[PDB]
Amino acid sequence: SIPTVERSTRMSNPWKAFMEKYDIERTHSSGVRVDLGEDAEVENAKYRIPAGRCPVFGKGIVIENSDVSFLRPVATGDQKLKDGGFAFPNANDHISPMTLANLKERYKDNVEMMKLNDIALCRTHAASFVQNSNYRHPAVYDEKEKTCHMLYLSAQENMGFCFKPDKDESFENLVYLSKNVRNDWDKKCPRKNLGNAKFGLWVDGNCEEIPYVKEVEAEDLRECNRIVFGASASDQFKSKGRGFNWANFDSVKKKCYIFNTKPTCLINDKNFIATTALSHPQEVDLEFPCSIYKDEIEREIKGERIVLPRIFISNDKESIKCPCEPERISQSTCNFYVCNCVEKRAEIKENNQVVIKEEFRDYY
């Protein structure tokens, strides 16, 4: 009979589906700055080759003391060595470079290949050239010129020839593509930076600051994005995508904060933009998913026994059923309120690990 309201003991995270694409270790799973994640036996010899499953936006190779773009064919037969780039040679063109039109005509009678997005079409094309080898060439797609370049050299860094991977304005429309990039990278992989947001850690019902980050000066989002790229998982020893892959850029204080633990939520903060090593150097989506908490609270609700979820933030402050006044979050563009005065069952300990508090370990 008696109608009741209580707080759930289930420890959830409403950000799980949204945040999967930012779990770089799981979704990309190889180096980002330098990706040599797979091994290949080219008949009797031994090679390392890019294996990452996500595209890397804006990445190119910088040839030290040179004016040749790495997108130029490799130096062919005779002719001065590295008077050229990294790309596939001459042949009779026919293979590389190839415009989107050219790729569309080549594969017009392929049903499945015709369904691919442009980046995925370029990727599929490059990875089709060898015969029982997993040695396949990486590609660079130029989104500006709508051109696919197969790369002949798969190495990315030779320093201390001489070259290194970087992100700069000249590479901004380039997408660097291992042979393993997901055809559905638009759903599974980072691209746009997230404005009005910073990365955080979900701690029993609210998204909290990551305590251990490295702070660096950065004038703008592009610089923050370049710095996190320089710091990110490097196979130059297989990283398996583990590294300083993520950064929060404070656009008011002009600081970049890089960290190496996957984020599990976002904090809504109007001063911040959240970026990764894989992400485009400039594109920003400003639309925070404001309804994320309210949707979860309302879904759990819809005499009665109401069990409220462990969600202590929302744009509907009464919905939380906070025992004190919820705090209005000044930096929120969603007008979030937070109930600080509730029992917490998890905490952040060193190395940014979220653990159940000692008091609560038995059960859980």
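Each residue number is its position in the shown sequence, starting from 1.
Which class fits the unmodelled deposited stretch between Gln236 and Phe237: none, 1 to 3, 4 to 9, or 10 or more? A long stretch, 10 or more residues, is missing between them.
Mean Cα B-factor comparison, 320 to 328 or 63 to 71, giving the higher one as deposited: The recorded data point to 63 to 71.
Higher-scoring stretch by recorded Cα B factor average, 121 to 129 or 79 to 87: Comparing 121 to 129 with 79 to 87, the higher average CA B-factor belongs to 79 to 87.
Whose CA atom has the top B-factor in the entry, of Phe336, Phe57, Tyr47, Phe312? Answer, based on the entry's C-alpha B-factors: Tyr47.
Using the B-factor values recorded in the entry, state whether the Cα atom of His280 falls in the lowest, middle or highest third among the modelled residues of its chain. Ranked within chain, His280 CA B lands in the lowest tercile.
Where does the C-alpha B-factor of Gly52 rank in its chain, lowest, middle or highest third? Lowest third, going by the recorded CA B-factors of the chain.
Quick one: classify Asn180 as lowest, middle or highest third of the chain based on its Cα B-factor. For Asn180, whose C-alpha B-factor we compare with every modelled residue in the chain, the answer is the lowest third.
Comparing against every modelled residue in the chain, figure out the third that the C-alpha B-factor of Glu157 lands in (lowest, middle or highest). CA B-factor rank for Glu157: highest third.
Sorting the chain's CA B-factors, does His28 end up in the lowest, middle or highest third? For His28, the deposited C-alpha B-factor lands in the lowest third.
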